[PDB]
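One chain is shown next in structure tokens, namely the form deposited in one PDB entry.
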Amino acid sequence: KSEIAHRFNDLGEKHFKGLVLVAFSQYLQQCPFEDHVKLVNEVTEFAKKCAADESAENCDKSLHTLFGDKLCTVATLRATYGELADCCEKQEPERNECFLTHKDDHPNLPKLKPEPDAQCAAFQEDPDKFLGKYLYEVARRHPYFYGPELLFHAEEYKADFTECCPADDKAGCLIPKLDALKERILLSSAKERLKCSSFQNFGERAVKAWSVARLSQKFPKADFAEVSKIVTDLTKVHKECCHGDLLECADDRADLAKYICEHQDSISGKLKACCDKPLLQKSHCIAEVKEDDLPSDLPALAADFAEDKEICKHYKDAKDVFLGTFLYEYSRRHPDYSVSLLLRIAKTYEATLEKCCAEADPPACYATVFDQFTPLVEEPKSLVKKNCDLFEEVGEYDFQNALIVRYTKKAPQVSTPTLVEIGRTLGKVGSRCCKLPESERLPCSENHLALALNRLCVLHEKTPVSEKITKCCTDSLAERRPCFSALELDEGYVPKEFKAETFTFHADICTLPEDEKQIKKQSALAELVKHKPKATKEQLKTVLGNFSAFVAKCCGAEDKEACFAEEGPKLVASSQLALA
């Protein structure tokens, strides 16, 4: 009867309020903390009133009508979010559709900063205000963050301030932890953003196909029907979360977790760990569970998929089932492949049956289908080996620099802070993946590459600048990474006009923390590439080498700024001659 009561009953007040703050922050990314809170309280109050009397006036309205309505009463809508007030003219579902277009993927809000001093004070003060504020901060910053996962991370962020506010050194305990937690927030956010981008750009069928491959890898002992079932449920969960229906999403998620834990023996023996846990933790653990060992009765695939004479007839009768089965079987035995490579492999299998089934003697044509996969596998494997050899040899910073040079040549129209952010995120993929056991390297690098490329595509929908990037971002999810790998120097780019100020440094760079000093160097690297796109990577590396020596030198000078002023213009002119 009352959907609001229903969710309030299912989730409990703590989690309901939490999720509703997340939904509100992400949707209305600008408001102070306390105005989101007042709206959360109003909605929560209304929920309690409905739970006690479901036939109460307004109680039977959809969540969307309810929350859309709330959102549209906020102070100063046409001044904070001028395009957003227009949304308020529309009914549901159009209203919510309108609201979602408006979500902003790069609000570039102040950087989140651990002040172990002032924060610890506020936490001892009112721990509930403190968590709320954290949820609020994250959500507005990552408007698509997996709702129920944010509540998990809030518990973590809380358990940190616990262990570290009593401690002798406040930042001592706390800065590494909050540093770690940031990374996991960014990774988590990038995983979910890929899911919502897949429903947005490619649809539900692509999301299901991705999840079939990935879940078959993780639960290779489960049967097909059990994988389908979980993929069906999981897909609905993320479809809801990506649509801002965080309450339904959380509720369906807990139902999923409970289903998976009641059937753990026919799913995976890695789950027992997860299933012995509390709610949020249990779900988190299932979502991140490692791949089970392979069963020793995995069937030989040739028989059903290459040799059987009725293949074309099972294909023509039931394409989606037949291809799903192939996907499930091939993926469960290839935890050493990336999800996208599995999907590419499934699409080549499909394409081969389309072709062979329309010639005189199909079995003779499709007999070799598994043999056509060999080049598909070898291209990403050797790409991963080349990038990990380079990483191992030059280390992270130079590996970022090499990727910055590579991506700026592919897309020199992209703004400098995006090129640096992506080259840096892709170099951290090396550090994360290159050190793993070698059979883990390929899925690690390729899966994480999908995340960084999709961040590039999300930004590019906001601010399109390149037709080649559009085409890679929108043609096919599974082909993205090879479509990017194949871009080269955009050959009718016109070198960006030289601007001496861009390459001019001052003493301020001397007080920067290490990574901010690197970002300043790596931005001038990408600018060197924009002005001399034909320069070889070996020339750029030399000139950047000269810029760093010049910075180290001037930051050690008695008079930092005279050194910058005296030496800079020489270096800036002679660099251009070196990049010819």
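We call the rigid core whatever largest set of C-alpha positions still superposes within 1.5 Å between the two forms. All residue numbers refer to positions in the sequence shown, first residue = 1.
Enquirer: Which is higher on mean Cα B factor in this entry, 442-450 or 77-85?
Expert: Higher of the two, by average CA B-factor, is 77-85.
Enquirer: Comparing 157-165 with 373-381, which stretch shows the greater average C-alpha B-factor in the deposited entry?
Expert: Of 373-381 and 157-165, the stretch with the higher C-alpha B-factor average is 157-165.
Enquirer: In the PDB entry, which of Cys98, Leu341, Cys249, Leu390 has its C-alpha at the highest B-factor?
Expert: Result of the comparison over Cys98, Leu341, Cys249, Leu390: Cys98.
Enquirer: Just the C-alpha B-factor column, please: which of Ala118, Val231, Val237, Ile286 has the biggest number?
Expert: The record points to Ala118.
Enquirer: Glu57: which third of its chain by C-alpha temperature factor?
Expert: For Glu57, whose C-alpha B-factor we compare with every modelled residue in the chain, the answer is the highest third.
Enquirer: Would you check the entry's CA temperature factor for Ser523 and let me know if it's in the chain's lowest, middle or highest third?
Expert: Its C-alpha B-factor, which the entry lists for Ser523, ranks in the lowest third among residues of this chain.
Enquirer: Which third of the chain holds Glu467 when residues are ordered by C-alpha B factor: lowest, middle or highest?
Expert: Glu467: CA B-factor falls in the middle third of its chain.
Enquirer: Would you check the entry's CA temperature factor for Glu538 and let me know if it's in the chain's lowest, middle or highest third?
Expert: Its C-alpha B-factor, which the entry lists for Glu538, ranks in the lowest third among residues of this chain.
Enquirer: What third of its chain, lowest, middle or highest, does the C-alpha temperature factor of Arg214 fall into?
Expert: Ranked within chain, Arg214 CA B lands in the lowest tercile.
Missing here is the form deposited in another entry; even so, the following discussion is about that form.
Enquirer: Superpose on the core and compare between the shown form and the other one; which one of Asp117, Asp265, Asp293, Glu392 crosses the 2 Å Cα shift mark?
Expert: By this measure, the answer is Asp117.
Enquirer: Taking the rigid core as reference, does the Cα of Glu379 move 2 Å or more between the shown form and the other one?
Expert: Stays below the 2 Å threshold, so no.
Enquirer: When the rigid core is used for the superposition, does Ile175 move between the shown form and the other one (threshold: C-alpha shift of 2 Å or more)?
Expert: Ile175: C-alpha displaced by 2 Å or more between the shown form and the other one.
Enquirer: Can we say the CA of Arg78 moves by at least 2 Å between the shown form and the other one when the core is superposed?
Expert: For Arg78, whose C-alpha is compared between the shown form and the other one after core superposition, the shift is 2 Å or more.
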